[PDB]
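Colleague: Chains as they are written, first to last, in the numbering used here: chain X, 1 to 102; chain L, 1 to 117; chain V, 1 to 101; chain W, 1 to 64.
Here it is, the structure, as structure tokens.
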RNA sequence: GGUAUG
RNA sequence: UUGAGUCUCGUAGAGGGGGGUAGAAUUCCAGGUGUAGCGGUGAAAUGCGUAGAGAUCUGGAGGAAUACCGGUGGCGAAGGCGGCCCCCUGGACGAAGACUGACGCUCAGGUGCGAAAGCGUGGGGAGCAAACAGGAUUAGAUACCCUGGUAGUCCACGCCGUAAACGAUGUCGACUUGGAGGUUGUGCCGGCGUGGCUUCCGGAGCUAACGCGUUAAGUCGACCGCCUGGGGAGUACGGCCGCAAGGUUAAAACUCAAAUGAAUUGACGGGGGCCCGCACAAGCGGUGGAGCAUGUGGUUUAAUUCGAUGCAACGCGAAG
RNA sequence: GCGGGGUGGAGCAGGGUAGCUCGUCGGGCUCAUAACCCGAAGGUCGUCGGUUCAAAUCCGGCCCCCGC
Ligand SMILES: NC(=O)OC[C@@H](O)C[C@H](NC(=O)[C@H]1NCCC[C@H]1O)C(=O)N[C@@H](Cc1c[nH]cn1)C(=O)N[C@H](C(=O)O)[C@H](O)c1c[nH]c(Cl)n1
Ligand SMILES: [K+]
Ligand SMILES: [K+]
Ligand SMILES: [K+]
Ligand SMILES: [K+]
Ligand SMILES: [K+]
Ligand SMILES: [Mg+2]
Ligand SMILES: [Mg+2]
Ligand SMILES: [Mg+2]
Ligand SMILES: [Mg+2]
Ligand SMILES: [Mg+2]
Ligand SMILES: [Mg+2]
Ligand SMILES: [Mg+2]
Ligand SMILES: [Mg+2]
Ligand SMILES: [Mg+2]
Ligand SMILES: [Mg+2]
Ligand SMILES: [Mg+2]
Ligand SMILES: [Mg+2]
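Okay, here's the thing in structure tokens:
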């Protein structure tokens with residue numbers, strides 16, 4: 001039945017998707033700011049953000065460079081975000097902090 | 001109810017869907033059935049077979065009016081142009097005139113832009 | 001690519017059937033199973049052993065259109081496959097029971 | 001394409017006549033060309049390439 | 001049938 | 001009087017401006033019939049529909065554009081120009097004459113025309129649709145795709161003055177083998193000529209080559225425009241023009257040793273065409289799970305000797 | 001003060017009848033990487049029972065915990 005319509009109105013409840021910005025150990029200020037902007041938006045518009053850093057070949061040997069990038073994001077997106085997850089180990093070659101709308 | 005001796009089968013055969021509608025000779029609706037309402041969904045609707053089924057259910061809707069003659073009025077480039085009328089004749093209507101409507105502008109309005117795919 | 005009668009009944013269709021049933025070259029092992037199965041079949045049906053075998057094939061034989069050589073090839077393959085799945089104790093009786101069904 | 005089924009004709013024969021009436025009249029080709037907008041430069045370009053092809057086939061029919 | 005990148 | 005004009009008669013043409021009008025179609029509105037879907041995609045969803053949609057039929061309203069004819073057909077200086085009819089109007093061409101008597105050609109500056117977008121003011125607004133809104137897709141998707149949708153697209157008047165405004169080929173004149181077509185005159189007796197415009201091929205010649213080739217990019221003459229390595233840059237500054245957007249005229253420092261054209265051989269293509277191989281398909285049996293053998297990586301070690309590493313290292317050098 | 005909820009590491013589904021997402025690890029695919037594909041490990045589900053044939057489920061307590 002047009003019953004359906006009920007759902008259409010029900011479906012005017014809402015929904016959060018997680019959006020994935022991948023950073024790399026040495027991304028530069030310009031692109032950081034672009035991706036940072038993307039996240040601000042993502043978050044302010046009610047969404048989560050799986051922020052991934054993706055070491056490639058030998059870069060996996062200076063994981064501590066990576067962690068500093070994540071820590072910079074956390075510290076910029078501070079008043080907008082709370083940090084569901086942080087990583088410590090480097091499973092695979094990744095570090096997959098998940099931020100959520102404060 | 002009324003009995004109708006001779007009817008008209010309007011076949012709106014679009015690219016995505018087929019609508020079969022039996023009317024009176026003056027275009028008063030007696031019964032209708034679509035490929036979308038024939039348990040086909042999405043691009044399943046846009047097959048000749050889904051139109052064939054839609055024709056049969058349309059025939060079943062207008063059994064009570066007691067129609068034996070139909071005039072066909074097919075319209076559009078739809079995949080289910082010929083499959084409808086074949087299945088209409090299989091229902092046991094004597095098909096008289098078989099006729100292509102299909103609105104063609106003599107110029108008319110500017111069409112939508114080409115899909116870049 | 002880009003470019004023998006069975007010795008007990010004279011039917012090559014059963015000679016094929018032995019070959020489909022056969023594993024690891026063991027043709028005499030296969031022959032015994034099938035013949036044992038056909039006599040069993042006949043005792044619980046009451047024909048010459050080919051007629052019951054052929055009626056059993058008719059129910060399995062699949063009709064894109066299958067052509068009649070592939071048809072009997074598929075039927076026999078499906079019979080053997082169906083027979084080997086079952087929980088009857090020997091293959092002879094598995095085959096006899098599957099042919100009956 | 002108006003096809004009255006004449007005095008005692010089969011359906012399959014009658015359907016062949018209807019489909020052929022549409023094929024000659026040019027209905028499916030006409031609807032498809034009017035589906036999306038073609039701007040005049042594209043129309044003219046298409047018409048030129050056809051004319052080149054048609055003519056070039058005649059010069060391939062000739063010299064042979 | 002169509003994903004990018006060395 | 002041979003260049004250039006005028007006159008007489010006729011011909012073809014979407015040449016221009018104005019007005020009227022026809023049929024088809026989309027949308028919308030009002031009704032009738034009717035009943036649960038419609039619409040859309042790669043797949044969906046947004047959207048629309050029981051306040052009755054979509055479909056079908058009748059009537060009405062409004063705007064925009066003119067199927068077929070339609071053609072490497074026609075016309076125009078170029079931009080461009082396509083229903084039909086009338087009114088006003090420009091050019092071209094042919095036939096015979098008659099007439100004027102070099103009145104010509106080109107043209108810096110100047111003047112006008114000049115697609116689309118855009119701008120101003122006032123109308124109009126069906127369809128379409130920058131922006132935008134929502135729905136998807138995706139690593140992201142400020143896109144391509146879907147549903148909507150505003151400016152605009154239309155009209156009047158004014159402005160803008162640019163486009164791959166291209167034949168990427170300035171205008172005018174003369175001369176220089178051929179072939180096959182198209183379109184439009186005309187003479188003579190379908191044929192035989194003879195003019196205009198136009199398409200394709202090709203000779204000499206020309207050209208870096210590609211190609212051009214009596215419609216020259218050939219052979220010559222008149223006059224104009226323009227170029228002088230790439231980037232910086234059609235930018236800055238100044239002037240002029242514009243309501244604005246911007247246009248036009250137009251450098252330099254600096255830096256590079258190239259940038260570039262055509263063609264050749266490969267290779268490559270989510271270009272096309274034709275083939276083959278247990279390549280796929282059809283089968284039959286395996287590997288991947290288990291235990292164990294064996295090699296390798298890794299890790300460990302005092303040492304786990306060295307070598308082999310996609311196919312083409314890994315029961316390989318090592319047949320112990 | 002008043003509530004919500006405490007569910008594999010992650011967070012979120014779920015009167016009995018525990019997943020889903022992303023981690024987490026390994027594999028497959030590729031010349032290689034991401035993408036893609038498969039498998040496994042992770043809970044006993046806040047706690048405490050009562051109570052229900054059923055305890056994530058029901059009912060209360062308690063631990064709460066943040067929102068407030
Ligand atoms: N999004 C991103 O970052 O990556 C995803 C992108 O690479 C997907 C990829 N997309 C395409 O080629 C585009 N072609 C133009 C039309 C739109 C779209 O289709 C693609 O695979 N398409 C599929 C359809 C699809 C989208 N997402 C998942 N599947 C497709 O069928 N593409 C067709 C093709 O590749 O030939 C074609 O382009 C098409 C038909 N219909 C549509 Cl829509 N696209
Ligand atoms: K002068
Ligand atoms: K609008
Ligand atoms: K050459
Ligand atoms: K200036
Ligand atoms: K220089
Ligand atoms: Mg012209
Ligand atoms: Mg032009
Ligand atoms: Mg001049
Ligand atoms: Mg304009
Ligand atoms: Mg205006
Ligand atoms: Mg639209
Ligand atoms: Mg759109
Ligand atoms: Mg210019
Ligand atoms: Mg030029
Ligand atoms: Mg030539
Ligand atoms: Mg030259
Ligand atoms: Mg300038």
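Just so you know, even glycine gets a beta-carbon here, dropped at the ideal spot from N, CA and C.
Could you tell me which uninterrupted beta strand (DSSP E) segments, each at least 3 residues in length, are contained entirely in the region 24 to 88 of chain L, listed from first to last along the chain?
Modeller: Counting only runs of 3 or more, we get 29 to 34, 69 to 75.
Colleague: Quick check: is the beta carbon of residue 2(W) nearer than 7 Å to any beta carbon in chain L?
Modeller: At least one chain L Cβ lies under 7 Å of residue 2(W).
Colleague: Checking 7 Å against the spacing of the C-beta atoms, do residue 90(L) and residue 58(L) come in under that value?
Modeller: No, these two residues do not count as a Cβ contact at 7 Å.
Colleague: Measuring only between beta-carbons, confirm whether residue 19(L) sits less than 7 Å from chain W.
Modeller: Taking Cβ atoms only, chain W never reaches closer than 7 Å to residue 19(L), which makes this a no.
Colleague: Please state the DSSP three-state secondary structure of residue 62(W).
Modeller: Correct three-state label for residue 62(W): coil.
Colleague: Alpha carbons only, please: which of 7(V), 86(V), 87(V) is nearest the one belonging to residue 31(V)?
Modeller: The residue with the shortest Cα to Cα distance from residue 31(V) is 7(V).
Colleague: Does DSSP classify residue 54(X) as helix, strand or coil?
Modeller: In the structure shown, residue 54(X) sits in a strand (DSSP, three-state: E or B).
Colleague: For chain W, find out if any of its Cβ atoms is closer than 7 Å to the Cβ of residue 34(L); answer yes or no.
Modeller: So, not an interface residue.
Colleague: At least one CB of chain W closer than 7 Å to the CB of residue 111(L): is that the case?
Modeller: By this cut-off, residue 111(L) is an interface position.
Colleague: So, at 6 Å on beta carbons, what are the nonlocal neighbours of residue 27(X) in its own chain, with the 5 sequence-adjacent residues on each side left out?
Modeller: Same-chain partners within the cutoff: there are none.
Colleague: Go ahead and label residue 1(V) buried or exposed: buried means 16 or more other beta carbons lie within 10 angstroms of its beta carbon, across all protein chains shown.
Modeller: Exposed.
Colleague: May I ask you to list the residues that DSSP assigns as paired with residue 60(X)?
Modeller: None, per the DSSP bridge assignment.
Colleague: Which residues bound the alpha helix (DSSP H) around residue 96(L)?
Modeller: It is not in any alpha helix (DSSP H) - residue 96(L) instead sits in the beta strand (DSSP E) that spans 94 to 100.
Colleague: Any Cβ of chain W within less than 7 Å of the Cβ of residue 68(L)?
Modeller: So, not an interface residue.
Colleague: Could you name the residues of the same chain whose beta carbon sits closer than 8 Å to that of residue 47(L), not counting the 5 residues immediately before and after it, in chain order?
Modeller: Within the same chain, residue 47(L) has close Cβ partners 35, 40, 79, 80.
Colleague: Between the alpha carbons of residue 48(X) and residue 13(X), how many angstroms are there, rounded?
Modeller: Roughly 18 Å between the two C-alpha positions.
Colleague: Between the beta-carbon of residue 101(X) and the beta-carbon of residue 36(X), is there less than 7 Å?
Modeller: Not closer than 7 Å, so no.
Colleague: For residue 44(W), decide whether its Cβ has a neighbour in chain L, counting only Cβ atoms nearer than 7 Å.
Modeller: Closer than 7 Å: no.
Colleague: Would you kindly work out how many angstroms separate the C-alpha atoms of residue 27(L) and residue 97(L), rounded to a whole number?
Modeller: C-alpha separation (whole angstroms): 16 Å.
Colleague: Can you give me the C-alpha to C-alpha distance between residue 16(W) and residue 82(L), rounded to a whole angstrom?
Modeller: Computed Cα separation, rounded: 10 Å.
Colleague: Can the beta-carbon of residue 73(L) be found closer than 7 Å to that of residue 101(L)?
Modeller: Closer than 7 Å, so yes.
Colleague: Can you have a look at residue 17(L) and say buried or exposed, based on whether 16 or more other CB atoms are within 10 angstroms of its CB?
Modeller: So residue 17(L) ends up on the buried side.
Colleague: With a threshold of 7 Å between beta-carbons, can residue 97(L) be considered close to chain W, or not?
Modeller: Cβ-Cβ to chain W under 7 Å: yes for residue 97(L).
Colleague: Thinking just about the alpha-carbon of each residue, which of 98(V), 72(V), 81(V) is nearest to the one in residue 15(V)?
Modeller: Nearest of 98(V), 72(V), 81(V) to residue 15(V), Cα basis: 72(V).
Colleague: Among the residues of its own chain, which have a CB less than 6 Å from the CB of residue 56(V), if the five just before and after it don't count?
Modeller: The residues are 99.
Colleague: Would you check if the distance between the CB atom of residue 74(X) and the CB atom of residue 83(X) is smaller than 7 Å?
Modeller: Closer than 7 Å, so yes.
Colleague: Can at least three beta-carbon pairs, one atom from the region 1 to 16 of chain L and one from the region 53 to 65 of chain X, be found at a separation below 8 Å?
Modeller: These segments do not touch.
Colleague: Would you mind telling me which residues of chain W sit closer than 8 Å to residue 105(L), beta carbon to beta carbon, in chain order?
Modeller: Going along chain W in sequence order, the residues near residue 105(L) (Cβ under 8 Å) are 34.
Colleague: Would you verify that the beta carbon of residue 28(L) is, or is not, closer than 7 Å to some beta carbon of chain W?
Modeller: Cβ-Cβ to chain W under 7 Å: no for residue 28(L).
Colleague: Based on the DSSP secondary-structure assignment, which residues constitute the bridge partners of residue 85(X)?
Modeller: In DSSP, residue 85(X) forms a bridge with 98(X).
Colleague: Go through its chain and collect everything with a Cβ distance to residue 45(L)'s Cβ below 7 Å, but skip five positions before and after it.
Modeller: Contacts found: 16, 17, 35, 36.
Colleague: Of all Cβ atoms in chain W, is any one closer than 7 Å to the Cβ of residue 100(L)?
Modeller: Yes, because at least one Cβ of chain W sits closer than 7 Å to the Cβ of residue 100(L).
Colleague: How long is the line joining the alpha carbons of residue 77(L) and residue 63(V), rounded to whole angstroms?
Modeller: When rounded, the distance between both Cα atoms is 35 Å.
Colleague: Would you decide whether residue 75(L) is buried or exposed? Buried here means 16 or more other CB atoms lie within 10 Å of its CB.
Modeller: Looking at its Cβ environment, which holds 16 or more other Cβ atoms inside 10 Å, residue 75(L) is buried.
Colleague: Using a Cβ cut-off of 7 Å (strictly closer), state whether residue 89(L) contacts chain W.
Modeller: Yes, because at least one Cβ of chain W sits closer than 7 Å to the Cβ of residue 89(L).
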